[PDB]
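In the entry's author numbering, the protein residues as written are 161 to 236, 258 to 284. Built from N, CA and C at the ideal position, the CB exists for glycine as well. See structure below.
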């Protein structure tokens, strides 16, 4: 990966299907995209989310997420994310919106 990185670290990503369980992955925001890995070795990339035209917004009322410090990226498909702290949630939403918002 020769891209410059905006931010890295742990987030919980809710699964699409199954029991919709929250998984802890290592996330890298680089080149206007989220890359997720098992861990911080950032060796084998599990998934990719190109962020342009995705709206990242906290705590979707109807979406009834029980877990705290949770936010969502909607493909204006939606992904649900959760940080360990309020500070992290804010840093991530800023970062993702900067990448997403192409005016």
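| query | result |
| --- | --- |
| Closest to residue 187 by CA distance: which of 166, 223 and 281 is it? | 166 |
| Is residue 234 helix, strand or coil by DSSP? | strand |
| DSSP state of residue 279, grouped into three classes? | helix |
| Can you check whether the CB of residue 263 is closer than 9 Å to the CB of residue 229? | yes |
| Could you tell me the distance, in whole angstroms, from the CA atom of residue 210 to the CA atom of residue 226? | 26 Å |
| With 16 as the cutoff for other CB atoms within 10 Å, does residue 170 come out buried or exposed? | exposed |
| Would you say residue 273 reaches chain C, if we count a Cβ-Cβ gap shorter than 9 Å as a contact? | Of the protein chains in this structure there is only one, and it is not chain C. |
| On the DSSP letters alone, give me the boundaries of the beta strand (DSSP E) that residue 204 sits inside. | Where residue 204 is concerned, there is no enclosing beta strand (DSSP E), given that its DSSP letter is neither H nor E. |
| Would the beta-carbon of residue 214 fall within 9 Å of that of residue 173? | no |
| Would you kindly check if the distance between the Cβ of residue 258 and the Cβ of residue 200 is under 9 Å? | no |
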